[PDB]
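In the block that follows, a single chain appears as structure tokens, in the form deposited in one PDB entry.
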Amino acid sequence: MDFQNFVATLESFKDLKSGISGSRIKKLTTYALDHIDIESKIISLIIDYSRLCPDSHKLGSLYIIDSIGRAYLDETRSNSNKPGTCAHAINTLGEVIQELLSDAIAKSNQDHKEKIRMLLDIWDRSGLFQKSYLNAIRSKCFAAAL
């Protein structure tokens, strides 16, 4: 599985009615861990997929970030922040996560909003995006104000 396979596999999430596949996300996640050296273009793509995907697909896009993000966060802990490290990848994601969350929440139905909230809770318990204040974004009032 090469980069072009990664791009095509990411793009195929549009052909999923739900925007979600456990096996396909695992496929992306295994690729991400095998190719940390090119994380910079893996990360930009999954960020952009979040930005651009169908409304109903935004939840899936945060699942993709959850999976790769917490996988990289584990590689970080198994022990620099230059391109081609897990630390940089997580920093890049952290710099756009509030943008991506606010939009995903605003475009999600109640069901998907609630799944984003639980995912926020898992991020909180994990230390994924700990530098970011996510507790206001997490509120039900936030979703309604959008």
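The numbering used is simple: start at 1 and walk along the sequence shown. Rigid core: the largest C-alpha set superposing within 1.5 Å between the two forms. Shifts are known only where both forms have a C-alpha.
Enquirer: Given the other compared entries that model the residues flanking it, would you say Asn79 is unmodelled in at least one third?
Expert: Yes.
Enquirer: Relative to the other modelled residues of the same chain, rank the CA B-factor of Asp66 and answer lowest, middle or highest third.
Expert: Tercile = lowest for this residue's CA B-factor.
Enquirer: If you rank every modelled residue in this chain by C-alpha B factor, which third holds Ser12: lowest, middle or highest?
Expert: For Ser12, the deposited C-alpha B-factor lands in the middle third.
Enquirer: Sorting by Cα B-factor within the chain, modelled residues only, which third would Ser44 end up in: lowest, middle or highest?
Expert: Its C-alpha B-factor belongs to the middle third of this chain's values.
Enquirer: Looking at the C-alpha B-factor of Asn109, is it in the lowest, middle or highest third of its chain?
Expert: As the PDB entry reports it, the C-alpha B-factor of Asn109 lands in the highest third of its chain.
Enquirer: Comparing against every modelled residue in the chain, figure out the third that the C-alpha B-factor of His88 lands in (lowest, middle or highest).
Expert: Answer is middle: the recorded C-alpha B-factor places it there.
One more form of this protein exists, namely the form solved in complex with a partner chain; it is left out here, but the text below deals with it.
Enquirer: Though its partner chain is not shown, can you say which of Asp55, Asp103, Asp66, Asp48 has a heavy atom within 4.5 Å of it in the bound PDB entry?
Expert: Checking each option against its partner chain in the bound PDB entry, the one that comes within 4.5 Å is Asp66.
Enquirer: Under a 4.5 angstroms heavy atom criterion, identify the one residue in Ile43, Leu28, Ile97, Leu119 near its partner chain in the bound PDB entry.
Expert: Of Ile43, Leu28, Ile97, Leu119, the residue with a heavy atom within 4.5 Å of its partner chain in the bound PDB entry is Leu119.
Enquirer: Kindly confirm or deny that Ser18, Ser21 and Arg70 each have some heavy atom within 4.5 angstroms of its partner chain in the bound PDB entry.
Expert: Yes, all three are in contact.
Enquirer: For the set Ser132, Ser126, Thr9, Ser21, which residue undergoes a C-alpha shift of 2 Å or more between this form and the one not shown, given alignment on the rigid core?
Expert: Only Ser132 moves by 2 Å or more at its C-alpha.
Enquirer: Please check whether, in the bound PDB entry, the CA atoms of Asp111 and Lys131 lie closer or farther apart than here, given a change of 3 Å or more.
Expert: They are closer; the C-alpha distance drops by 3 Å or more in the bound PDB entry.
Enquirer: Please say whether the CA atoms of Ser132 and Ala89 come closer or move farther apart in the bound PDB entry, knowing the change relative to this form is 3 Å or more.
Expert: Relative to the shown form, the pair is farther apart.
Enquirer: Rigid core superposed, please list the runs of 3+ consecutive shared residues whose C-alphas all move by 2 Å or more between this form and the one not shown.
Expert: Runs with every C-alpha shifted by at least 2 Å: 130-133, 138-143.
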